[PDB]
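Please read the structure below before turning to the comments.
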Amino acid sequence: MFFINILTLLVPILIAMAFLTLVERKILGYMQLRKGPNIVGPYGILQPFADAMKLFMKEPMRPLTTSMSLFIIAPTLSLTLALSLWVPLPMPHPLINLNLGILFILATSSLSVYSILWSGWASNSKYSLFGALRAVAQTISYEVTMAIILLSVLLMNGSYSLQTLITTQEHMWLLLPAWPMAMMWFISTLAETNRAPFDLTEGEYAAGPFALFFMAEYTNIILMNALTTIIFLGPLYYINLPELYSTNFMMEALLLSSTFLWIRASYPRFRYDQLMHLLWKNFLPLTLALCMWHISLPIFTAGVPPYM
Amino acid sequence: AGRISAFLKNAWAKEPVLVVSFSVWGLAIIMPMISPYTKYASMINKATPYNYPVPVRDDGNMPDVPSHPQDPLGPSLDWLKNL
Amino acid sequence: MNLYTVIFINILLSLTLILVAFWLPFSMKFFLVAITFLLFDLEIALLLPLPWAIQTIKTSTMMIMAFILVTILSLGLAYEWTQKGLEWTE
Amino acid sequence: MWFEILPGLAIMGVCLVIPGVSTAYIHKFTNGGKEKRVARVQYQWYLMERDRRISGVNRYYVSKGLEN
Amino acid sequence: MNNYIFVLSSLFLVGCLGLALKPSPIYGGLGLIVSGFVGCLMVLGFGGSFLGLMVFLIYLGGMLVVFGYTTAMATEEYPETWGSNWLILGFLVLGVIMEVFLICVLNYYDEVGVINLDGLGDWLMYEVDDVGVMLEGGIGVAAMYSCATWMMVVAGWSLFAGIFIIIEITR
Amino acid sequence: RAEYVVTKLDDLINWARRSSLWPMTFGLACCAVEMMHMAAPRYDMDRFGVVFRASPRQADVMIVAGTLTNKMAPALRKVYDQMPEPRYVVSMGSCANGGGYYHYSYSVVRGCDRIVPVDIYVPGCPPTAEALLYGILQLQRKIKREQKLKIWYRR
Amino acid sequence: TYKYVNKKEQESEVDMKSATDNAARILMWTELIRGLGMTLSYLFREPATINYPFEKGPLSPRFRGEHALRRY
Amino acid sequence: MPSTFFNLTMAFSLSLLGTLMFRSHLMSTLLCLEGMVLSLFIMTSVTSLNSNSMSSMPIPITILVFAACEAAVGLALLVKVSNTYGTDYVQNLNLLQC
Ligand SMILES: CCCCCCCCCCCCCCCCCC(=O)OC[C@H](COP(=O)(O)OCCN)OC(=O)CCCCCCCCCCCCCCCCC
Ligand SMILES: CCCCCCCCCCCCCCCCCC(=O)OC[C@H](COP(=O)(O)OCCN)OC(=O)CCCCCCCCCCCCCCCCC
Ligand code: SF4
């Protein structure tokens with residue numbers, strides 16, 4: 001039964017990424033006063049399969065000055081992490097019920113720098129290494145707030161578990177409080193996923209590797225929006241209606257993933273220096289201040305949460 | 001008063017983020033002394049029974065300790081409910 | 001056993017995809033950034049146990065120590081700022 | 001018009017709803033019509049092992065009750 | 001699964017051996033990463049959830065990351081290192097086999113001493129509160145804030161002063 | 001017969017390769033504003049599956065748009081070489097078809113068909129985005145009319 | 001006749017009102033939600049696209065296309 | 001416990017051997033030092049968890065902090081050495097012999 005559960009978890013998220021590609025294209029088109037894909041299949045639902053076939057049918061021109069080891073284990077690692085992140089997620093009951101689950105998320109997210117850096121060091125150049133260093137620095141820098149935000153918001157629920165946030169928001173979202181922490185969390189998800197306006201790394205791989213990188217990217221997108229939904233937009237949980245919880249979670253995650261593309265179409269890009277100034281001069285001060293605020297709140301209020 | 005208030009308005013216009021950070025810092029360090037609901041935190045975290053209450057011998061001279069959970073000679077945290 | 005199974009499955013799937021793929025046919029600024037990130041990640045390490053520390057009785061002490069941590073971290077940040085460590089204008 | 005992105009939005013929504021209800025149903029099936037008992041500490045693990053030992057069929061979810 | 005922790009410790013040994021042998025500052029980083037992964041796994045085997053996940057999130061995500069960063073930006077790979085890499089890979093094989101023979105001799109010389117291969121799966125957990133809550137590792141690592149505040153101030157001061165130290169060294 | 005399934009396999013491969021055409025837009029001159037107008041709403045390049053502009057390292061088709069000079073030919077050839085097989089080329093305009101209004105000049109290549117092999121020639125100075133789209137669909141059909149697996153089978 | 005772009009008619013006021021308005025603009029991300037609204041409005045319009053081989057773009061009796069040699 | 005501790009000590013010894021035996025680089029020595037750090041962290045955490053002594057868990061945290069600081073200053077020194085000579089080699093530090 002467990003292998004069946006694993007299949008039910010993995011297959012749909014991959015399908016959902018493959019179709020999130022199409023949703024992005026169509027939304028950007030309609031925002032640009034055009035349609036997008038209409039032909040290959042009814043409304044385009046065959047275009048992702050077409051593209052997958054095309055890529056995987058191309059011929060890989062593997063750079064000659066390179067290392068096959070780091071050439072193969074970079075996208076393998078990326079996809080492995082992007083899939084193993086979806087495991088602990090309570091939807092509402094999790095495939096693997098972990099304590100310290102958000103910490104597992106932090107770590108398995110921070111482990112992608114290794115691939116995004118080995119790819120560059122493998123490609124024998126200096127421009128690719130420059131780009132890789134810069135992207136690594138960006139991702140690293142934003143991991144700091146990605147961590148502190150949770151460190152401060154996990155004091156309204158005294159546990160690092162994801163199955164406690166359901167009862168923590170059994171009456172009210174964690175957005176009304178910490179809406180300044182969300183606005184800083186919703187963005188570090190863009191910069192972490194190198195998503196516009198933070199795409200200074202994609203604005204040098206064969207068909208298969210490029211496809212794996214694409215899959216990892218969009219999977220991480222869906223997952224970050226799912227974390228937002230679970231944490232700051234706690235859906236409904238009636239003990240007998242996991243169906244209800246899952247429906248609401250899906251709706252909110254789709255809202256968020258469409259907001260990402262809304263933004264991509266709406267705004268220009270950033271400049272690496274200004275992108276780093278943003279964090280190190282606007283997000284870290286406010287983050288530390290609100291961290292102290294949220295360490296004091298449960299004290300000068302008698303609302304310090306429990307450890308079950 | 002005037003000079004410093006003009007400085008604060010200049011800041012409030014130029015770098016509101018720094019102002020907000022410092023003011024939240026101050027609120028954090030100050031409110032826990034104003035609030036009356038502070039003590040209750042230690043009170044509760046003490047009242048939580050993560051261990052077994054090992055009893056003691058009835059050696060005669062101990063009138064202010066009960067012989068049964070349902071006696072009023074011991075502590076009673078009805079203030080938690082009333083909270 | 002279950003975590004092991006899931007991660008093994010993911011690794012197998014990734015390697016299978018990447019096999020099918022082939023079988024079908026100096027600036028000190030970045031260093032300073034890394035160092036600052038170290039000095040903040042270790043602070044995260046010292047800051048993570050707050051959900052267990054705020055369950056104690058010595059609240060007047062946890063308040064104090066957490067405030068000390070955050071304050072001196074902010075001061076170190078401000079100094080790295082004043083000394084032009086967050087500029088990028090070579 | 002804007003109502004042609006739904007053929008994909010709904011596909012993704014169904015694919016994102018499947019995991020949750022699938023896991024819930026499979027839990028209810030493998031654990032005797034009940035949720036999968038969680039063990040955050042050793043006390044719950046002890047209760048679970050004890051239920052398993054008193055079952056007589058080596059399964060923690062076979063509740064016995066007063067009859068025994 | 002009696003051989004679980006033994007396999008983990010042996011993989012750690014092989015990783016540190018591939019460190020001792022010095023292929024290059026990048027394959028050394030990969031070896032360090034593997035050894036740290038295995039170290040976390042064995043800590044979790046011994047029950048250190050917080051310790052192991054902290055290793056994950058800080059040692060790897062924070063330390064080996066900047067190691068590889070500084071390596072790429074301030075190191076160059078020279079062509080000679082490849083033949084010597086193969087040579088030291090053979091060296092690593094020989095070392096593995098020597099260690100196996102070492103362990104055999106030590107089992108022959110001390111049955112219940114150095115290593116009790118007969119009692120491998122045993123002597124992992126000695127005692128545990130079965131009905132006990134509040135006995136994880138966070139309960140201890142969070143002592144720092146109530147008892148052992150001295151350690152917290154020490155560490156915070158080290159980190160604080162590291163800023164000034166590094167700015168003065170690089171400058 | 002194996003012939004049936006082999007025909008179907010080739011048909012599927014060609015469907016994918018023709019429905020996921022990604023262009024490298026080697027746009028040199030006034031035969032590129034028309035490609036932009038073709039990406040624009042009224043023609044929506046992206047509606048058939050042809051992305052607006054991708055990287056020259058993962059592209060399938062290559063649109064040569066405008067006058068190719070003797071100072072620019074080597075870069076175009078290097079791009080063609082870097083591109084991954086199976087790769088197709090489309091020459092948009094008189095300049096790239098035969099040199100056009102500068103055919104008798106000293107700094108012009110009298111046809112991109114001397115530097116790279118071409119599959120579809122679009123005539124015009126400039127050819128409307130409608131004509132460029134017609135040419136790209138002609139390329140789609142040229143792809144749909146391939147028999148790779150058949151020729152490898154009956155070899 | 002000339003005009004000025006990016007020049008104010010005179011200095012502004014540092015009043016608490018205007019300072020707080022600018023601080024709201026900064027923190028609450030006000031000037032960006034309007035761009036989001038423009039994109040949403042465009043999402044809720046009709047696109048100018050046409051089925052090409054079935055719907056053709058409009059031309060004029062003066063269009064200069066392919067050549068022809070005529071007769072009487 | 002005995003077996004894993006024996007192997008951890010053997011690993012520390014191997015990394016110290018690597019430090020005391022240079023191979024023309026310096027990163028390959030800092031990495032051995034960090035391997036030592038890791039082995040000691042693991043041994044300490046394992047003894048803490050074996051003895052159930054929750055009053056000794058801060059020790060791994062402290063040693064990790066201080067090893068991080070040491071590694072940072074070492075990396076800075078290596079960066080200066082490279083900035084000056086061009087390589088993280090050890091035959092270039094042949095000065096001070098006079
Ligand atoms: C060639 C390509 C190479 C690419 C490979 C990339 C793979 C990386 C995949 C991501 C890494 C995931 C990290 C896993 C850490 C697990 C942390 C965790 O939370 O597990 C702890 C688990 C539960 O414990 P706890 O939550 O504290 O409380 C339970 C009480 N009810 O209690 C446990 O300890 C469960 C047992 C531990 C299981 C962990 C196994 C993780 C997967 C192993 C990967 C093996 C890959 C090959 C070897 C790696 C290189 C040597
Ligand atoms: C009890 C009383 C006291 C309690 C304490 C708390 C009181 C409230 C404190 C106020 C909190 C303010 C909000 C916190 C975040 C503010 C961050 C910020 O202001 O960023 C500043 C930065 C611009 O700075 P700057 O360049 O200097 O401005 C131009 C100067 N003319 O701006 C930026 O660069 C941001 C870049 C944004 C680019 C992407 C925007 C996308 C927006 C999409 C919509 C997101 C909506 C949120 C989604 C929620 C997710 C569920
Ligand atoms: S053919 Fe005419 S329109 Fe096209 S590039 Fe040449 S001169 Fe310009």
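Quick note on naming: the chains in the structure tokens go A, B, ... in the order shown, residues restart at 1 in each chain, and ligands are numbered from 1 in order of appearance.
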| For chain A, which residues have at least one atom within 6 Å of chain C, if we go by only C-alpha atoms? Write them as a ChimeraX atom specification, please. | /A:56-57,76,80,155,158,208
Problem - Distance filter 7 Å around ligand 1, atoms: only C-alpha atoms and all ligand atoms, out as a PyMOL selection string - result: (chain A and resi 73+76-77+80-81+84+98-101+104+108) or (chain C and resi 1+3-4+7-8+11) or (chain D and resi 38-41) or (chain E and resi 34+37-38+41+44-45+49+53)
Output the selection as a short mmCIF file (atom, residue, chain, number, x, y, z; two decimals), in the first residue's frame - C-alpha atoms for each residue.
```cif
data_model
loop_
_atom_site.label_atom_id
_atom_site.label_comp_id
_atom_site.auth_asym_id
_atom_site.auth_seq_id
_atom_site.Cartn_x
_atom_site.Cartn_y
_atom_site.Cartn_z
CA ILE A 73 24.48 14.18 -10.46
CA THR A 76 19.58 14.09 -10.37
CA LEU A 77 20.13 15.90 -7.08
CA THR A 80 15.55 14.20 -5.94
CA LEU A 81 15.27 17.14 -3.53
CA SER A 84 11.54 14.50 -1.44
CA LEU A 98 7.90 13.97 10.79
CA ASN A 99 8.67 16.19 13.70
CA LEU A 100 11.19 18.81 12.60
CA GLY A 101 9.58 18.62 9.17
CA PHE A 104 13.88 18.94 6.80
CA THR A 108 16.63 19.76 1.52
CA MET C 1 12.30 2.11 6.15
CA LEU C 3 11.92 7.40 4.11
CA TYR C 4 14.64 5.17 2.66
CA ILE C 7 14.38 8.65 -1.42
CA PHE C 8 15.64 5.54 -3.22
CA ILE C 11 16.94 8.73 -7.05
CA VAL D 38 1.26 9.29 15.51
CA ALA D 39 4.15 8.93 17.96
CA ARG D 40 5.85 12.22 18.81
CA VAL D 41 7.23 10.83 22.09
CA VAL E 34 28.95 12.24 2.08
CA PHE E 37 25.25 12.89 5.51
CA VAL E 38 26.31 9.59 7.09
CA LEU E 41 22.18 9.37 9.71
CA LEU E 44 19.50 9.92 14.12
CA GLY E 45 20.05 6.20 14.61
CA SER E 49 16.91 14.23 15.63
CA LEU E 53 19.02 17.96 11.21
#
```
Notebook entry, point to check: What are the DSSP helix (DSSP H, G or I) residues of chain D, as a PyMOL selection string?
Noted result: chain D and resi 2-4+6-30+42-55
*Pick out the chain H residues within 9 Å of chain C. Count only C-alpha atoms. Give them as a VMD selection string.*
chain H and resid 61 64 to 65 68 to 69 72 76 79 83
Residue D:65 environment, 12 Å, only C-alpha atoms, sequence neighbours closer than 5 positions dropped, as a PyMOL selection string
chain D and resi 51+54-55
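Our summary of the geometry notes that atom CA of residue A:128 is positioned 16.4 Å from atom CA of residue F:58.
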Practice item. With a distance cut-off of 8 Å and only C-alpha atoms, select the neighbouring residues of residue H:49, excluding the residue or stretch itself and same-chain residues fewer than 5 positions from it, and output the selection as number ranges by chain. Key: E: 46-48; H: 54
Who sits within 8 Å of stretch 275-292 of chain A, only C-alpha atoms, same chain under 3 positions skipped, as a ChimeraX atom specification: /A:138,141-142,145,148-149,151-152,181,184,198,270-272,295-296 /B:17-18,20-22,24-25,28 /C:66-67,70,74,86-87
Those residues you just picked out, can you put them in a file as a short mmCIF file (atom, residue, chain, number, x, y, z; two decimals), in the first residue's frame with C-alpha atoms?
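The file below, selection-v9.cif, is the result:
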```
data_model
loop_
_atom_site.label_atom_id
_atom_site.label_comp_id
_atom_site.auth_asym_id
_atom_site.auth_seq_id
_atom_site.Cartn_x
_atom_site.Cartn_y
_atom_site.Cartn_z
CA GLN A 138 21.53 35.15 -4.02
CA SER A 141 21.39 35.22 1.22
CA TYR A 142 17.65 34.64 0.93
CA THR A 145 15.21 35.08 5.95
CA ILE A 148 14.22 33.31 10.40
CA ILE A 149 10.63 33.91 9.25
CA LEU A 151 11.81 30.55 13.35
CA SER A 152 9.65 33.48 14.46
CA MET A 181 6.49 38.12 7.79
CA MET A 184 8.90 38.81 3.20
CA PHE A 198 14.88 37.43 -9.38
CA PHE A 270 16.34 43.42 -10.73
CA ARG A 271 20.05 44.22 -10.66
CA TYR A 272 22.14 41.77 -8.63
CA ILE A 295 9.65 36.27 21.10
CA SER A 296 8.12 38.85 23.43
CA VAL B 17 12.15 50.59 7.36
CA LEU B 18 14.88 51.48 9.86
CA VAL B 20 9.99 50.50 12.02
CA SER B 21 12.79 48.08 12.94
CA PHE B 22 14.03 50.23 15.82
CA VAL B 24 9.63 47.22 17.07
CA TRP B 25 12.88 46.62 18.96
CA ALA B 28 9.71 44.28 22.34
CA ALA C 66 17.41 36.10 22.96
CA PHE C 67 17.41 39.90 23.02
CA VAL C 70 19.46 39.62 18.22
CA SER C 74 22.12 43.72 14.48
CA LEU C 86 27.35 45.67 1.44
CA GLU C 87 28.11 47.93 -1.53
#
```
- Please check which protein, DNA or RNA residues sit within 8 Å of ligand 3, counting only C-alpha atoms and all ligand atoms, and write them as a PyMOL selection string. chain F and resi 28-32+65-67+92-96+99-101+123-127
Write the residues of the selection above to a file with N, CA, C and O atoms, as a PDB file, in the first residue's frame.
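Written output follows (selection_11.pdb):
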```
ATOM      1  N   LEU F  28      19.171  40.090 -38.054  1.00  0.00           N
ATOM      2  CA  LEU F  28      20.227  41.029 -38.392  1.00  0.00           C
ATOM      3  C   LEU F  28      19.726  42.393 -38.838  1.00  0.00           C
ATOM      4  O   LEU F  28      20.488  43.359 -38.774  1.00  0.00           O
ATOM      5  N   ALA F  29      18.488  42.496 -39.305  1.00  0.00           N
ATOM      6  CA  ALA F  29      18.075  43.677 -40.054  1.00  0.00           C
ATOM      7  C   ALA F  29      16.550  43.700 -40.166  1.00  0.00           C
ATOM      8  O   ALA F  29      15.847  42.934 -39.498  1.00  0.00           O
ATOM      9  N   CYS F  30      16.040  44.596 -41.016  1.00  0.00           N
ATOM     10  CA  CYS F  30      14.617  44.860 -41.201  1.00  0.00           C
ATOM     11  C   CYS F  30      13.740  43.687 -41.630  1.00  0.00           C
ATOM     12  O   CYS F  30      12.550  43.875 -41.906  1.00  0.00           O
ATOM     13  N   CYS F  31      14.287  42.478 -41.684  1.00  0.00           N
ATOM     14  CA  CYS F  31      13.452  41.289 -41.723  1.00  0.00           C
ATOM     15  C   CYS F  31      13.259  40.660 -40.346  1.00  0.00           C
ATOM     16  O   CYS F  31      12.883  39.485 -40.263  1.00  0.00           O
ATOM     17  N   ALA F  32      13.435  41.431 -39.271  1.00  0.00           N
ATOM     18  CA  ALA F  32      13.193  40.968 -37.908  1.00  0.00           C
ATOM     19  C   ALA F  32      12.010  41.644 -37.227  1.00  0.00           C
ATOM     20  O   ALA F  32      11.382  41.041 -36.348  1.00  0.00           O
ATOM     21  N   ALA F  65      17.305  36.232 -40.492  1.00  0.00           N
ATOM     22  CA  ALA F  65      16.463  37.368 -40.842  1.00  0.00           C
ATOM     23  C   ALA F  65      17.353  38.576 -41.099  1.00  0.00           C
ATOM     24  O   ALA F  65      17.705  39.313 -40.176  1.00  0.00           O
ATOM     25  N   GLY F  66      17.722  38.768 -42.355  1.00  0.00           N
ATOM     26  CA  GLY F  66      18.351  39.990 -42.800  1.00  0.00           C
ATOM     27  C   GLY F  66      19.687  39.750 -43.467  1.00  0.00           C
ATOM     28  O   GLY F  66      20.135  38.622 -43.660  1.00  0.00           O
ATOM     29  N   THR F  67      20.323  40.862 -43.817  1.00  0.00           N
ATOM     30  CA  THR F  67      21.552  40.827 -44.591  1.00  0.00           C
ATOM     31  C   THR F  67      22.677  40.198 -43.789  1.00  0.00           C
ATOM     32  O   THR F  67      22.992  40.637 -42.678  1.00  0.00           O
ATOM     33  N   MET F  92      14.639  34.096 -44.155  1.00  0.00           N
ATOM     34  CA  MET F  92      13.559  35.068 -44.250  1.00  0.00           C
ATOM     35  C   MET F  92      14.100  36.318 -44.933  1.00  0.00           C
ATOM     36  O   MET F  92      14.846  37.093 -44.329  1.00  0.00           O
ATOM     37  N   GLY F  93      13.730  36.506 -46.196  1.00  0.00           N
ATOM     38  CA  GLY F  93      14.021  37.744 -46.887  1.00  0.00           C
ATOM     39  C   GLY F  93      14.930  37.621 -48.091  1.00  0.00           C
ATOM     40  O   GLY F  93      15.673  36.646 -48.235  1.00  0.00           O
ATOM     41  N   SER F  94      14.877  38.629 -48.964  1.00  0.00           N
ATOM     42  CA  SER F  94      15.729  38.637 -50.146  1.00  0.00           C
ATOM     43  C   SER F  94      17.198  38.680 -49.760  1.00  0.00           C
ATOM     44  O   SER F  94      18.038  38.037 -50.401  1.00  0.00           O
ATOM     45  N   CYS F  95      17.528  39.431 -48.708  1.00  0.00           N
ATOM     46  CA  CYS F  95      18.917  39.550 -48.287  1.00  0.00           C
ATOM     47  C   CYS F  95      19.536  38.188 -48.027  1.00  0.00           C
ATOM     48  O   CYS F  95      20.661  37.913 -48.460  1.00  0.00           O
ATOM     49  N   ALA F  96      18.821  37.327 -47.316  1.00  0.00           N
ATOM     50  CA  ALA F  96      19.339  36.016 -46.970  1.00  0.00           C
ATOM     51  C   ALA F  96      19.078  34.982 -48.050  1.00  0.00           C
ATOM     52  O   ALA F  96      19.753  33.947 -48.073  1.00  0.00           O
ATOM     53  N   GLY F  99      20.920  37.809 -51.363  1.00  0.00           N
ATOM     54  CA  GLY F  99      21.577  39.072 -51.150  1.00  0.00           C
ATOM     55  C   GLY F  99      20.682  40.268 -51.397  1.00  0.00           C
ATOM     56  O   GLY F  99      20.876  41.317 -50.775  1.00  0.00           O
ATOM     57  N   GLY F 100      19.718  40.132 -52.295  1.00  0.00           N
ATOM     58  CA  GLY F 100      18.705  41.156 -52.445  1.00  0.00           C
ATOM     59  C   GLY F 100      19.259  42.439 -53.022  1.00  0.00           C
ATOM     60  O   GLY F 100      19.924  42.455 -54.063  1.00  0.00           O
ATOM     61  N   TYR F 101      18.973  43.534 -52.328  1.00  0.00           N
ATOM     62  CA  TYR F 101      19.301  44.874 -52.782  1.00  0.00           C
ATOM     63  C   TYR F 101      20.779  45.190 -52.660  1.00  0.00           C
ATOM     64  O   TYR F 101      21.204  46.279 -53.060  1.00  0.00           O
ATOM     65  N   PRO F 123      10.269  34.568 -49.489  1.00  0.00           N
ATOM     66  CA  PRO F 123      10.633  35.742 -50.284  1.00  0.00           C
ATOM     67  C   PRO F 123       9.894  36.999 -49.856  1.00  0.00           C
ATOM     68  O   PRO F 123       8.712  36.972 -49.507  1.00  0.00           O
ATOM     69  N   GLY F 124      10.600  38.112 -49.891  1.00  0.00           N
ATOM     70  CA  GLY F 124      10.015  39.407 -49.614  1.00  0.00           C
ATOM     71  C   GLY F 124      11.040  40.359 -49.037  1.00  0.00           C
ATOM     72  O   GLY F 124      12.047  39.970 -48.457  1.00  0.00           O
ATOM     73  N   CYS F 125      10.773  41.652 -49.206  1.00  0.00           N
ATOM     74  CA  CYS F 125      11.623  42.719 -48.686  1.00  0.00           C
ATOM     75  C   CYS F 125      10.739  43.793 -48.072  1.00  0.00           C
ATOM     76  O   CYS F 125      10.572  44.878 -48.645  1.00  0.00           O
ATOM     77  N   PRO F 126      10.152  43.531 -46.898  1.00  0.00           N
ATOM     78  CA  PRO F 126      10.160  42.284 -46.136  1.00  0.00           C
ATOM     79  C   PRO F 126       8.923  41.433 -46.382  1.00  0.00           C
ATOM     80  O   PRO F 126       7.916  41.951 -46.860  1.00  0.00           O
ATOM     81  N   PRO F 127       8.995  40.142 -46.063  1.00  0.00           N
ATOM     82  CA  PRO F 127       7.805  39.294 -46.162  1.00  0.00           C
ATOM     83  C   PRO F 127       6.936  39.467 -44.926  1.00  0.00           C
ATOM     84  O   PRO F 127       7.426  39.422 -43.796  1.00  0.00           O
TER      85      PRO F 127
END
```
Enumerate as an MDAnalysis selection string the residues belonging to chain F that approach chain A to within 10 Å, with only C-alpha atoms taken into account. chainID F and resid 12:22 39:51 55:60 82:87
